[PDB]
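Note that each Cβ is placed from the backbone with ideal geometry, even for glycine, and that neighbours are counted across all protein chains shown. Each answer follows from the model by the rule given with it, or from the source it names; no laboratory instrument gave them.
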Amino acid sequence: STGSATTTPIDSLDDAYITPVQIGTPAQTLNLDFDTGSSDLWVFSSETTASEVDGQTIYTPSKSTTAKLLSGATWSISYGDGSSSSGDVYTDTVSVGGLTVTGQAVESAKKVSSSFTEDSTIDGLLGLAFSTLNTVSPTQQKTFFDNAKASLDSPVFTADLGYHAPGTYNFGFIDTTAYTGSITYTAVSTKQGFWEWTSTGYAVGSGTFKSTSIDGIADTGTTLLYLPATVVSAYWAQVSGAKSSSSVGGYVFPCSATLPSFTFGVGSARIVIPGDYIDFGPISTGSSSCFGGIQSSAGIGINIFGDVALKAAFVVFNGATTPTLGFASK
């Protein structure tokens, strides 16, 4: 089997991407944030504290003839950005882009933090990291990909995120029309539950490539590119007036600037992030200070190849017995 679904930016900045997901019978379609950095499929629901729902579409398990309470199961998750959610668990039929899994754990939120409430466009998350990170207790549950894998034509999914435009998540096949040149594959460590890999270096603009190992995660659920402070300083030093602002929480730059590109290495191959992908717009409405899309990972404890980086590539998440990651230009 295969599936193919369009993923759409939630706003004009590509702060996140949403993908429609069918849950239950008859189908209830919710727009979920596909997150290769976590492993829970959770939704706003009829059980979510009413004051914490503001515009989201909810899953109502009592209206699904295939929903079954997973007795005694609870979940609770905290994300890198300080947001969180928790609740109980149903199993139900879940379909993405024509690919159907029966008995998928659908984690129903009883509580969500303010950042989720405040984002009316995201109805929940669909985790695509390794199932070892799934938070359901006392019986850990599998991700949608893990459940689908054996049925797929090939045990892979691909992320093809757009810049200020829709893109595609495919399951079970590699669309050879979706990228240019060849896909370069690179080793993955699953030790921390992530799609963790080692970039071979970087360049800033038309500058020379610096060969250096950068361990980090391919994370569709993180907006920005988080790299070591040395790398980030070297990038922003090429932008007149750019500075790290403690009050804003990272690097900002004059909105009048033209940003240089940023290149990262994948083995001997190179992915080029155009400068415009690094512009996240005014820090507040009407400001001439703009937020940067490349930020320091210092104090995160891990480097994160988030959407800024991934949207410059066609990315293969290869879930073969030994997982790997593939990157192509597009």
Would you mind stating whether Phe194 is assigned by CATH to the domain that holds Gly292, surrounded by fewer than 20 Cβ atoms within 10 Å (Cβ to Cβ) and aromatic (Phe, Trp, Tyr)? no
If a residue counts only when it is crowded, with 18+ Cβ neighbours inside 10 Å, touching a residue at least 60 places away in the same chain (Cβ under 8 Å) and acidic (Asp, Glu), which strands (runs of 3 or more DSSP E) contained entirely in region 37-98 have at least 1 such residues? 84-96
Just wondering, is there one or more residues in region 262-280 that are out of contact with any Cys (no Cβ under 9 Å at 6 or more places or on another chain), basic (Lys, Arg) and assigned to a strand (DSSP E or B)? yes
Taking the stated definitions as given, is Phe116 buried (at least 24 other Cβ atoms within 10 Å of the Cβ), in a helix (DSSP H, G or I) and touching an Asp or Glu at 6+ places or on another chain (Cβ under 9 Å)? yes
Out of (1) farther than 27 Å from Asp11 by Cβ; (2) under 19 Å from the mean Cα position of the chain (by Cα); (3) surrounded by 18 or more Cβ atoms within 10 Å (Cβ to Cβ), the one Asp160 does not meet is (1)
What's the total number of residues in region 119-139 that are under 19 Å from the mean Cα position of the chain (by Cα), within 26 Å of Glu52 (Cβ to Cβ) and not in a strand (DSSP E or B)? 10
